[PDB]
Every structure is written in structure tokens, then in C-alpha cells.
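Structure first, commentary second.
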Amino acid sequence: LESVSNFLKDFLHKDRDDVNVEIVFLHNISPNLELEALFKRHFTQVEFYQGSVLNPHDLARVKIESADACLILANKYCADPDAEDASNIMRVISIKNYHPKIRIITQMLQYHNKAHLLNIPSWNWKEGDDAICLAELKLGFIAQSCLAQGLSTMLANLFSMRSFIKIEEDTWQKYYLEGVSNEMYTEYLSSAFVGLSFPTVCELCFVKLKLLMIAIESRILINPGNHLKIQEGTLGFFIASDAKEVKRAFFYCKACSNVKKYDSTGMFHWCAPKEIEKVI
Amino acid sequence: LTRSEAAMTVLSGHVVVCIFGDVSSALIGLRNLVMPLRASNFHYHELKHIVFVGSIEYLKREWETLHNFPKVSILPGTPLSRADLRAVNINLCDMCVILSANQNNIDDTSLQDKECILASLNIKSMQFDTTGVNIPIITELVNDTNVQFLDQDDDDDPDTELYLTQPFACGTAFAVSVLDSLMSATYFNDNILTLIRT
Amino acid sequence: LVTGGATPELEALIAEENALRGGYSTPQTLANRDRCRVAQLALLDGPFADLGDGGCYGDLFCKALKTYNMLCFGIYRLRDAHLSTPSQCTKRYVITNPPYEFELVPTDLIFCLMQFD
Ligand SMILES: [Ca+2]
Ligand SMILES: [Ca+2]
Ligand SMILES: [Mg+2]
């Protein structure tokens, strides 16, 4: 009940644009009366079918061969993280075995189990297979709070879909909620901005269109320098109130030395393998 | 062995044995697998080398019955470690054999063959300067219904019998459930059990 | 942004060997350092400090972006800084992407992405 309720609140939020993607649930337990009521409150957008993901007959029943993606939620509060990871690995194996070319989004509790999973022959991270590793992302968010305190809160609030909430009281909560009302989006931007610098289109977009750009599509570039020119046909990683606002970014045309210091890729510092007693 | 000596010791036409042992796992009895390879109607130059990859605790809980055989080696690693399987020359073996001891301790009928399936997929998803799909591989499964995950090109159906499944018809999978006809065969013909045994 | 880069090369290396391996310095290695790093900076000193009491977030956003190639996605504002009375509380909170018209106070911190040297 809580897993589906939280998923449907984020998937069907009014701040996204007018998407009409149907949601089909596959589970081997008959839903209780409160889940049946939750599906009745979403009667035109949610369907449930009772079956096992490990059964090719059930996979054909839910028409997984024509689905746009398959999402595999995980039990974050399970007693045995290893057992939960093994079960999720088996589910991924079964889905890929039935249909190798299905986009799979899954939650993985540990990082070694994520490494175990990515060895699957059909597991293609380029095609869109995303293993959202909870321990990895949470420890990365904690580390970014060590570079700038509050950044874990800053990042987490950019994903959850939230409407504007306003109250008459002058309290820190009003300002906080006003800040929380913005999410990170992604869309293609006008030919009227091709040929300009990234700082220039940022100061243009900032309050005239009311849109802030963090990055653009040498592909994924976090906060480009002043020396980079906007390619034709590119997309911007906007932060905005919603998706219907970032449409402006498109719909505008002048409407006014042998030391090994690093890893093999040159992205992390490195040293020789220290003994445990040396660092104790 | 370890990583260094395994990698520099050239191996080809060998047998690689992948064991998911544990300190609490049951004894597989690897003697019965080694002895047929070690039989004397092969010349000594024709004896395929054997290397075991698995938990060092489980290897030191079974080595007490394998010290009188030649051409054997242990590598104390993980059967799912890509580095170990590359160091063991997995692409040049005459067989890879995948066995699991943790099959009776747990009762889930879903995770019994998870390790074996994952190891098989990891070996089949290897790039060699040829792919890992052409490697000679055999794996032992506890549940016959888990055989559908071994191959991807084949069509899968739970109703289809194990003998009819493609990975078994190719000699890629083996389960102890196919031996149940030996009761009836043995009874009707008393010499069949000794002909098979020899 | 979160793991400080994990390009497909590193994801292959950690999948094959399951450890970071050290590399000798190369021109491509020294080019791979150029990517932005997240920062906080103070509003009480340095070139930004003329945005004292009553400054506009739009002025700060504009001058930071124009002159230091730097832009801010939020303010780490003190909880009690909106009150009239002084307080000993040092707790702050994240304000995300505020209006151009949004009002500054001199005790503030700014979240931003900054260049590499
Ligand atoms: Ca919003
Ligand atoms: Ca199959
Ligand atoms: Mg419907």
C-alpha cells in the first residue's frame, strides 16, 4: 500500500506535462482492501494483474514484450539485504530472459550485488538499464554534504514532485517550501540561443523566461565554461517549477615523474595499498 | 595458487571447477568427479589439468581426500570474480563445471540455483581478444524449472520437461532428477547398474 | 555530480578488476580534471560582499555569472535570520532557486558550481 501510494504520487504528479502512460502492476499476492481502493481511485490509469514475474506466462500476460519499461521496486527495510538482492537479481534475470530488449529500472541495496547484476549478457546500461543503488547514492549524497553542508537536502528535493504551498505566517517554512517547489527537468532549447555562450544563455533564461540551467548535452557537461558554444539541437538540464514552464526554452525567438598520483582514468587520487596497522 | 602464478602458468584443454562452498555447507564429494578424469586408460600426457575456484574454508574442509591425485590446483577466490576466471584461462578449457553446496540448507526454491545461473551468465558475458558464449560449460541445478534462465535464444515454458529443454538437450545443464529412472532400470536388468558404473 | 565522475571506462575497470588501479600522468589525465566542483562561499568577505543587507538575489546571480563564470542554485539561510530579534541559534536551511527579486541579508552562504584552475 505505501510503496504503490508513494510511486503513484510521484508518477502521476500534475507538475509533469500531459503524459498518458498506463501503469500495470504484476504481483503474486492478492491485494488487500486498501490497495483495491487505491487502484479504484486511479481506475483509468492503473491496472493490476496477479502473477509471478518469474513466470513467462505472466510476463506475456502483462504484455511485457511491448511495455516501454519495467520497474522493479525493492524492499529497503528487509531483514536480509543479501536475500533481497538475490531475489531482485532473479527477477531481472527472468525479465531479461523473456525479453532481452526491455528497459529495466531497479533498486539495488548493495554495490557488490550491483556489480554481480551488471554481468548479465542482456544488461545494457547504454540502452537505458539503470540500477539505482541505494547505498551508493546515499553515501555519495553524504559525501557531497561534506563538500557543502545541506547539499543532500538540495539534491533530494529536486526529484520529488512538489506543488507550491504558501501560508500567511512569516516563518522559515514558507521560504523553505517556496524553494522545495522546484524540480530538475530536461528539454531541447531554441535555435534563438544557438551560437551564444552558456553563461550568456543562463543570464538570459534566468528571470526573462524564469528558468535556470545547470548543464547541457563531451556529452554530459556539468556547468560549462564561458568558452563553450551551444550546439544546434541540444537539451538543457533546467531547474524549474515544472515542465510546462521549461517549454519557453524552446518556444522563444526574440520575444523581448613516475609517481602514480591518480587512477587509470585521471579522475580520482590514488596511492599504493597501505597495511591496516599503518593507518590504525 | 594465487593471481600471479595462475596467470603466468599457461593452461589449455584443462577442466575448471567452480565451487560455491561455505563453512556450513555440505560436502559435495569431489573425489567422484576427479577419479574418472584420473583413470588409467588415458596416457599421462593426455591427462586434462584440474583447477578448483572457491572458498578456501570449503577447500580445506575437503582437500583431505584429494591429495593423492596429480595435475590438481586450488585458487582461493570467488567463482563470480572476472579477474579469477580470466587468470584461470577459462576461454581455453575443455570444460567448465559449476557446482553449489548451499542447496539443502536454504529452503526458497528460488535462490537455490541463483549463484550457478549468475556464474554461467557472467562466463557467457565475457569478451576475449571471441565472446564467452562459445566456452564449453556444464552446470548442476537443483530445480528443473530454473533451467529456463540458462539460455536466452531458446523458448522457455514451465510445462516443458527438462529432457526437452534446449540447455539439457545440448548437454549444458544436468539435474539429479533425471536419475529417477535408474530404480526401474536397475530392477529389471541387474547388470545395467554395473555397466553404467564401470 | 555525486560520485565525482564515473565514466564508462571506470565502470568497465571496476567490473573487470574490482579495485581502482593507479595510472601514470598523461595529457588526457590532466584534461580530465577540468570539470566543475560544488562549493559554498561566504557573503561577509571577498568580491561578492557588496551584496550586504537589502541586496537582490538577481543582482548576485548576475554578477557571479558575468564575472566569475559561477552560478548559484540556492541560499543556505539562517533559520532565525527572518526574525527581528537576535538569536544564538546557528542552524540554517536550504532555499532552492529563489526569485531575482529575493532579498539578501549579510549573514548568508550560497550553493554554487565553481570552475577548476
Ligand atoms: Ca514543482
Ligand atoms: Ca531461456
Ligand atoms: Mg485501463
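A note on labels: chains of the C-alpha cells are A, B, ... as shown, every chain counts residues from 1, and ligands are counted from 1 in their shown order.
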
Legend entry - Shell of 9 Å around residue C:32, only C-alpha atoms, local chain residues under 2 positions omitted, as a PyMOL selection string: (chain A and resi 265-267) or (chain C and resi 27-30+34-35)

Legend entry - Within 12 Å of ligand 3, counting only C-alpha atoms and all ligand atoms, residues as a ChimeraX atom specification: /A:20-25,39-40,42-49

Legend entry - Distance query stretch 11-17 of chain B at most 12 Å, only C-alpha atoms, self and fewer than 5 positions along chain excluded, as an NGL selection string: :B and (5-6 or 30 or 33-34 or 37-38 or 45-54 or 59 or 71-75 or 78-79 or 84-100 or 116 or 119 or 123 or 135-140)

Inset, instruction - Could you please tell me, as a list in words, which residues of chain A have an atom within 8 Å of chain B when using only C-alpha atoms? - result: residues 55, 56, 57, 86, 87, 90, 93, 94, 97, 98, 100, 116, 117, 119, 120 and 121 of chain A

Legend entry - Test item: residues no farther than 6 Å from ligand 1, counting only C-alpha atoms and all ligand atoms, as a list in words: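 Residues lying within 6 Å of ligand 1: residues 15, 161, 162, 163, 181, 182, 183, 241 and 242 of chain A.
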
Inset, instruction - Would you kindly return, as JSON, numbers by chain, each protein, DNA or RNA residue with an atom no farther than 8 Å from any atom of residue C:102, considering only C-alpha atoms and excluding same-chain residues fewer than 4 positions away? - result: {"C": [56, 57, 58, 98]}

Store the residues of this selection in a file with C-alpha atoms, as a PDB file, in the first residue's frame.
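Below is the file that was written, out_22.pdb:
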ATOM      1  CA  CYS C  56      18.718  41.283  -4.594  1.00  0.00           C
ATOM      2  CA  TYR C  57      19.446  37.609  -5.443  1.00  0.00           C
ATOM      3  CA  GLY C  58      19.136  38.533  -9.148  1.00  0.00           C
ATOM      4  CA  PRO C  98      14.820  31.829  -5.332  1.00  0.00           C
TER       5      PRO C  98
END

Inset, instruction - Would you mind telling me which residue in B:186, B:165, B:131, B:198 lies nearest to ligand 2 when using only C-alpha atoms and all ligand atoms? - result: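 Going through B:186, B:165, B:131, B:198 one by one, the smallest distance to ligand 2 is for B:165.
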
Legend entry - Closest of C:101, C:117, C:16, C:53 to chain B - atom-to-atom distances counting only C-alpha atoms: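 Closest residue, counting only C-alpha atoms: C:16.
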
Inset, instruction - Using only C-alpha atoms, find which residues of chain C lie within 9 Å of chain B and jot them down as a list in words. - result: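 Selected residues: residues 15, 16, 17 and 18 of chain C.
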
Inset, instruction - Compare C:12, C:51, C:38, C:104 by their minimum atom-to-atom distance to chain A, counting only C-alpha atoms, and give me the closest one. - result: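 Looking at the shortest contact to chain A, the residue is C:38.
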